[PDB]
Structures are given as C-alpha cells and as structure tokens.
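In what follows, a single structure is set out as structure tokens and then discussed.
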Amino acid sequence: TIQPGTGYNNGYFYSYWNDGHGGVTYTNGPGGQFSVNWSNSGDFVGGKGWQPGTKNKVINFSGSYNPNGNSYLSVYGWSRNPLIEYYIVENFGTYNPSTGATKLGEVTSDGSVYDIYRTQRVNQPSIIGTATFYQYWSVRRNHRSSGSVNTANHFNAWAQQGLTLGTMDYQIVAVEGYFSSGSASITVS
C-alpha cells in the first residue's frame, strides 16, 4: 500500500485519494497495473493513466472487478475552462450513478450502447478548489471489466448534445467506492 497522492509509476500517472475512514489499500504494480482491496471503506478513488489526457485516446483495460456495494469502474477525468468532471462507466455495483440524472442522449461505442447524462455539483471539491461544475456521464449498458474505450466517440457525442469540454487535465482508469467492500486488479495501456 502507498500514501494517498499523485505521481508517476512505471510510466503512468496515478492518483489515489481517500477520505481517511480506513478500509482501503491501493497498490501500484508493474506497467499500467494497479490493485485495490477494500473492506468497509469510506469514500475513495484510485487508478492509473495520463496527465494530461487527450480527446482521442484509445484506452485499454484488463482485469477483475468485484464490488460488494457501491463502487464504479470508469474512465475518469477532468477538463479545465470549462471545469468538468467526466465518467465513462464500464461497470458498477449496487448503485447506478446516473440515478436521478438528466438523460442527454445515447452513443454506441466499443460493443455497447451507453446512455449519456449530465449532473451538477454545487460547492464541491474540485481540481481548482471548491466550485460549482457539471459532471458528464456515459454509462455502459453491457457491464464489463476488460475492454477498449475510444474516448473520441464519447467526447464527440457529448459535444453534439451541447456538452462541451475544455482543456484536458488528468485521465485515468479508476476504481471508485463509497462505503463498500471489494477487490479489483486492473492493467491499463
């Protein structure tokens, strides 16, 4: 296990954050590999990828994802100017994070339809400090724990619908959990 923080490991950016509650261990492995094991955690997010991301990256991920409770497996990132937090959700546990969100379209990519949503976060932590910003979501209908994500398909579909992105900040394959248990082992390339 490592300290929470950000850095580079074997040529990949990583980010690991937790709220201090306990119950989460994050390990960086060789190459693009990372592992997360959690048991009655608090809120956390961890994964590997790129800093900065791009608008036409094809992201490959392979491994195992076994949530027991509330957790997501996503391509996850931010843009600046405008400030946007975005998710391309490949798999989740007990909670569909688009519950109660406004549906803004559908896109077919990489073997599934995805539903597109937009939510707003009001006076919440962000990469530039406390702020009000939008979150964009693509939620895969056919869940999986390995695959390839053509991010351009999502970003172009969001743009078509009026959901524009600014300058890319980090872009990772992340395991997120909120007071749950589970294990994951994921290799990014």
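The first residue in the sequence is number 1, and the count goes up from there.
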Using the rule given for ring pair (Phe, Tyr, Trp, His ring centres under 6.0 Å), can you reason through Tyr87 versus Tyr76, listing the C-alpha separation, both sets of side-chain angles and the distance that settles it, and then say yes or no? CA-CA 5 Å; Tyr87 294 81; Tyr76 172 69; 4.9 Å; yes
Residues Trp158, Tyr134; criterion ring pair (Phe, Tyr, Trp, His ring centres under 6.0 Å); working and verdict: CA-CA 13 Å; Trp158 296 349; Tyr134 290 111; over 10 Å; no
Apply the test side-chain contact (heavy atoms from CB on, under 4.5 Å) to residues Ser109 and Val149: give CA-CA distance (whole Å), side-chain angles for both, the deciding distance (0.1 Å), then the verdict. CA-CA 8 Å; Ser109 190; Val149 178; over 6 Å; no
Applying side-chain contact (heavy atoms from CB on, under 4.5 Å) to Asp115 and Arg141, what does each step give before you reach the verdict? CA-CA 7 Å; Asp115 297 292; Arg141 285 187 190 169; 2.8 Å; yes
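Checked against ring-ring contact (aromatic ring centres under 6.0 Å, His included), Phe61 has no partners two or more places apart in sequence or in another chain. A search for side-chain hydrogen bond (donor to acceptor under 3.5 Å, both in side chains) contacts involving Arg140 returns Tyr114, not counting sequence neighbours.
Counting only heavy atoms from C-beta outward, the side chains of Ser126 and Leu83 approach each other to under 4.5 Å. Counting only heavy atoms from C-beta outward, the side chains of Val173 and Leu73 approach each other to under 4.5 Å. The side-chain heavy atoms of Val75 and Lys57, taken from C-beta on, include no pair separated by under 4.5 Å. Side chains of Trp50 and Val188 form a contact here, defined as non-hydrogen atoms less than 4.5 Å apart.
No donor-acceptor pair under 3.5 Å is formed between the side chain of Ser138 and the backbone N or O of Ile88. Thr130 contributes no side-chain N or O that, together with a main-chain N or O of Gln124, makes up a donor-acceptor pair within less than 3.5 Å. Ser180 places a side-chain N or O within 3.5 Å of a backbone atom of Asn70 that can act as its donor or acceptor partner. Under a 3.5 Å cut-off, the side chain of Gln161 and the backbone N or O of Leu104 do form a donor-acceptor pair. With hydrogens and angles disregarded, a donor-acceptor distance shorter than 3.5 Å links the side chain of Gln51 to the backbone of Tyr170. Of the possible donor and acceptor atoms, none in the side chain of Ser15 sits under 3.5 Å from a partner among the backbone N and O of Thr6. With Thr151 contributing its side chain and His154 its backbone, the two residues share no donor-acceptor pair below 3.5 Å. Of the possible polar contacts, one joining the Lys48 side chain to the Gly29 backbone as a donor-acceptor pair under 3.5 Å is found.
Atom CG of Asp43 and atom CH2 of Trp17 lie 4.0 Å apart (nearest 0.5 Å). To the nearest 0.5 Å, the span separating OG on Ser189 from OH on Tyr12 amounts to 5.5 Å. Between the OG1 atom in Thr27 and the OH atom in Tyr16 there is a gap of 9.0 Å [rounded to 0.5 Å]. How far CD of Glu90 is from OG of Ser145: 9.0 Å, rounded to the nearest 0.5 Å. Interatomic distance, OH of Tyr136 versus OG of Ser79, reported as 7.0 Å (0.5 Å rounding). Atoms CD1 and CZ, on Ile128 and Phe133 in that order, are 8.0 Å from each other to the nearest 0.5 Å.
Donor-acceptor pairing under 3.5 Å is lacking for the side chains of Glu106 and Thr108. Judged by distance alone, the side chains of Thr132 and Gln120 never bring a donor and an acceptor atom under 3.5 Å apart.
Tracing side-chain contacts under 4.5 Å through hydrophobic residues (I, L, V, M, F, W, Y), one never reaches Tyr86 starting from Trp78; they form parts of separate clusters. Residue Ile116 is not grouped with residue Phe92 when hydrophobic side chains (ILVMFWY) are merged at heavy-atom distances under 4.5 angstrom, including chains of intermediate members. Taken together through direct or relayed side-chain contacts under 4.5 Å among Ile, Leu, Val, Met, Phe, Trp and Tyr, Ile172 and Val58 form parts of separate hydrophobic clusters. Hydrophobic clustering of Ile, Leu, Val, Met, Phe, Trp and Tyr side chains at less than 4.5 Å, counting indirect connections, unites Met168 with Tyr14.
Between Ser62 and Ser146, the shortest heavy-atom distance links the atoms CA-OG, 3.3 Å. Contact detail for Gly93 and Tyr65: the closest heavy-atom pair is N-OH, 4.1 Å. Across every non-hydrogen atom of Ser35 and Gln33, the tightest pair is OG-NE2, 2.9 Å. For the pair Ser148 and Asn60, the tightest heavy-atom approach, listed with the atom from each and the gap, is OG-OD1, 2.9 Å.
Here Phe179 sits in one hydrophobic cluster together with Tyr178; the rule is ILVMFWY side chains under 4.5 Å apart, joined directly or through other members.
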